[PDB]
Each structure stands twice: as C-alpha cells, then as structure tokens.
C-alpha cells in the first residue's frame, strides 16, 4: 500500500526514494564539447545558450515507468549533473563526495575517468571558482578559511529565484517572438548598451530554441516509446505525454496537465543551465493551476483525482532532483540533498483576496500523501485565509515531518514593499528556499553567504584575533578588558561587524562581476520579468527587482552572549571581562560558576524578556544597518535575511566558547530561534520575542518551533497550532515551522539509523531525513525546546 493515492504515483514515489544519489557526467561532457566548438567565437552569454542548446539537443532523456510529468536533470532520478564551469572538481573531490558519510554522491568509474581526462584538463582553469578564489583578497581568504562567512557562489550559480506566471500564459515560441521583437527594436545608434542587450537577447532566443527542442524531443521519445509499448494503458499515458509535449514548452499550456509539464520542463532547463541555488519552484502553484483546474473540470477532461495524481507526479519529479554535489564549505553550509524547491500554497491571489482555492486543497492532500522532503511544500497564511485551510495545514504539520512551513502572507507582502516592490508585484510574491522573500518571476534575490555573527563577537572579544585559526582575522578594536561600558563593547562589535561585512561585500562585488560575466543564464532570463524587455540577463540585473542577501546566522547565540556580558560584566558585575575570556579560553573548564551564571541566571532571548530581546534588536539592527542599502554591482541593493540551513553547525564548529554558555565547537543557534536552552517560557513567549525582530525590514527570518506530540492532538491541538501561527503572524512574524517528534524515536534513530530511513525532521527552512544529518546537527535538532501549549 505505502504512499501515493494512485498506483502510478505509488510506483513513481517508490522509484524516487530508491534512486541512488550519483553524479551524471553527461552534462559536463556535452558542455565541454560545446565550449571546444564555440568558446572564443561568441560572447559568453551566447556561448552559455549554445552550450545549453547543444546539451538539450544531445542529452539522453528518460521517461520513467508510469510518469505523467516527464523530465530529469541527470541520467536518472537522483542523478546530479556536474557543473565544471562553476566548480571543476579535483579527483580528491570526487573521492570525498563518493566516500563521505552523509550527502554522498556515487562517482562511477566511467564518470571519474571522464572527469579526470576530459573535464579537468579543460575546466580546471576555466571554472569560476578559481576565478573567484584567485581574485579574493588575503583578508577575505583568511576570514573565509576562518569561518567568518561563507561564499554562495564558489560552487553554485546565484539562482535563488521562483517562477512567475509567464510560462502558463506564453510558450517559448511566444517568448522567442518577444525576444525577436526586442532584437528588431534595439537602437545601436543611441543605445550604447545595445551590444550587451543584443548578446543577452540572442542568448535568450537560443534558450527558447533549446526549450522548444526539449519538448519536440520528449514528444518524439514518448511517441517512439508508445510504438514499442505493449501495455495499452501505458501506451495511452505515453500518448498523453506526447500530446502534452506537443504543446509545452513551445506553446502556452492549455490544460492543467500541460501547465504542470510546462513548469517541470522550465524547471529542468534552468536547473541544468546552471547549478543554481534553490533549484526552481512554481511559487504560487495553486494560483497558477486553479484557472486550468476550473477550465478543465468544466470541460470534463479533468477531475479532482486526476488533478491530484498529476500533482503527485510533479512532487516525485522534484524529489528526483538532488542539489548537485557540494564539497568544502558549501557542503558544510548546505549539508543536504534537497534543493529548496519552495512551493507557496494558499496566501492571496493577484487581486489581494484570499487565494485558497480547490487546487490549494489538492496541493495539501498531495504533500500529505507523498511525504517527500522535495519539494519544500509550504503554506502562506493570510489574515484572509479561511481557518479550514490553516487548520488543514496544521493537520499536516503536526504529523511531524516539518512540512508545511507557515509563511505570513501579510509579512511577505510588506517585506516586498519595503524592498521597493509594488503592491501589485508584492501580491505575486512569497518565500523561496528556506524563508527567502521574493517577488516571484520578477526578482533576482541572491543569497551571497552566511555571516558568522557570533564569531564576529568572538573576534571582538579577542581584539580581532581568531583563537580558533590563530590568525588576526578581524581588526584591532581594543582589549575588551579596557571597555568600561557595554555600549563600548557593542561599538567594538559593530566595528568588527563593519570590517567583516566590508570584506564580504568586497568579495561579493568581485564575485557578482564574475557571475554576471561568466555565468549568464539566458534561459532563466526568458521567464523572469524584465529581462527580455530590458535586454539584460538575469545574472546582470535583468530582473525587475534585484536584491542581494547576506544571511545572518546565530542571532540567538550572539544575543545571549552579548546579554550575558551586559548582565554579568557590566550590569551585575558578577565577573569582569578578563575572567570571562579566561573562562571562554578554557571552554569553561574550571569556571563552573561562570558557566552556570550565563546559562541559567542571565536573561535569555526568546522569553518575551525585553532585557535580552532589546539586545537582539540592537544586534539585528546593527546587522540590518551594516548590510541593507549597500549597492550591488548590477543596480540592486543588499538586504538582510536570517536563515542558517546547516551553516549554524559549521559556524559553531570553527568558533570557540561564547559568553552565553555555548561551548567551544558547539553549533550556534539556528534561524532566529532561541539559543539551546534559552526559551523556558513556552512558544507564546518565543513568538513574542521573535516578533520584536523587524521581519518586515528583512527578506525573511526562520523560526523553528518544536512541540511535544501530545499537545498537538485533536481539535484542541489544531486550534492551538492555528492560534500560534496566527498570533505570531498577527505580530508580523514572518515564518514558523514545526517539529513534532518523539525525542526517543530520534535517539533510537541515531543508535540504529538503518531502522529509521523514513525519519524526516525539520532542519532549517526544510525537512530532511534524520540520517542525512551529522551527529552534531542531529543533536542540535534534539536540543531544540520541546514546547507545550
């Protein structure tokens, strides 16, 4: 019986979870062929498009057994392509990723030999990663190696965008027509940018040709496979696939079935064009599918079950696409196979009214049934959302596998407008990746890396010296033993923050240039608003909205650490700075008195305690002020968001003991959640604390909450969950997502992981299999506060 409402979706789901994660070298081979043929003869954008077209023209293509939506990134499910133009793996990288315990990728010997003999000799010098690393300053390299921040674009393309509605209203033949109209009207006399516009537009036209080739090829393959298929029912499925691919992606979808296939084709495209962060997502899928759903049921070619079956197929298709292999710091900061394909169900419709429709509930049923950690199927809750939809979402959340996450539609809309989006565009918006607010289909909102806010406090406390790397990573802001007031230390901290943010942004500017010049994405550009009209690649600012983020990690840890110092060193004067640093250097060994004071007798973030929460506000504002408004190379601005993925593990690992009681090498806090052991007053206290962070001034904040399974039972639990979401959202909280697990199931899962392969927990903005997480990350989740109502 298992999972899947129909036989078909049961089978596709079973194939999905059994697919072995491996690398598919075919993309690298084909991209090398295209470069050796075209490199040096065309501009880089056209070169990218021609390579993508050459790849789409010659890649093998698979229709899995029983599929209705067709298309895989790699050779087979969980087959990750490689991206040697971004990161050309060394042979040791292939070794590490093949043999690592968690998030491994099998490197077949055929892939290994090809990479060593065909890929490395060509791409070792061309990969953008070396371009980036060789262009970085010494202080950047030291800070990067010291774990002060991470670099999102060392192994992945900026990506991090969401489909809008263009692909349902237009085909790629239509988009090629729009691009050809832009080309005809380019003014090379007066528009001094016309050359760059032409190169980008010409590239987008090729991407449209490539998307059209993709549909022709799949329809031909489907018909061809129908000719040898002896099963009439499967033959008809293949004929339906062919009929679907005759329409999409060349023409706009006319049916609900075609709308989904159009999305997934675009998904495959943009996600093999570049190893883009957060893969891709349809965004407001229920908004886009509903007119197709109503039009199809009225016409009698679709019913609620066929609608659900198709969406369950789409769910499996997401689950077949791992985030391509990461190594080094990129693995540490994103230690997961998931690619954060974040779907927003519910929210408001384009006119700003309640968006919950029939497809909204179909989607809820699909995520419930499929229980797949991809896509990241979440709900947007508006003050206009009918309680039935919120309560139904809680029915799924309380089942304890993390999804759905809850996003505050009104927060999203206001954040977008705060970043400069029109209300018209904001109403099309939502969250992607973990919690990242974006105007879907109209924005490049690029994450550039995690910022180790607690370690900046550490540098502050060591006069710029990093006691872990034993290098002078920061600047000399003074011996804190000489600071006579908390304010002075916090000023010293802001100075360290300014220095570190300066190093990060400086590298980002170099990196943003490298991605703009060396990673143009003509395919993505065809569907993202304003790119065609501007004649400007998405990668150099063609989106209507352009934001860059540095994601702040460890706000809880650093808040409590600064609170511990304000309370104990300056306020109550239980000990002085010199003692605290001695305690920190000793990992609190021999300072049990101090460790207890800062852990249990000092105000803590997440209890509606203004003493600690105002410190959180000062730190968050210091971060917001330090980053927000900085220009991006391509005419946008930096903004701030708070979200860690797995980087709160790494950031804790390369950090020493912190003034809040956190021990050396221990994780820093995740998202904007309280520090480990910090919230002792229940969830209402934490959502009130978290609401004091100005979510509207961010591009998203991540709140993890965990509930004891007993308190979410029945209608009382649903109502309590629904009220907590609404109470947090009524205060403009941005996001809340729930763990509902039995601590003993996870403890046993650690002891016998082979018995709990099913076990999914919520990490940070996503759900993952518990066994894919390091022991440190597992214990971090376990250490999260079990809340009761």
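Residue numbers count along the first chain shown, from 1.
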Higher-B stretch (mean Cα B-factor, as the entry records it), 230-238 or 659-667: 230-238
Once you work out the mean C-alpha B-factor for both 602-610 and 142-150 from the entry, which is higher? 602-610
Per the entry, which of 548, 156, 481, 544 tops the list for Cα B factor? 481
Maximum C-alpha temperature factor per the entry, among 42, 736, 61, 50, belongs to which one? 61
Considering only modelled residues of the same chain, in which third does the CA B-factor of residue 271 rank: lowest, middle or highest? lowest
Splitting the chain's C-alpha B-factors into thirds, which one does residue 757 fall into? highest
Residue 283 CA temperature factor, ranked by third within the chain: lowest
Residue 404 - which third its CA temperature factor falls in, relative to the rest of the chain: middle
When the modelled residues of the chain are sorted by Cα temperature factor, does residue 504 land in the lowest, middle or highest third? lowest
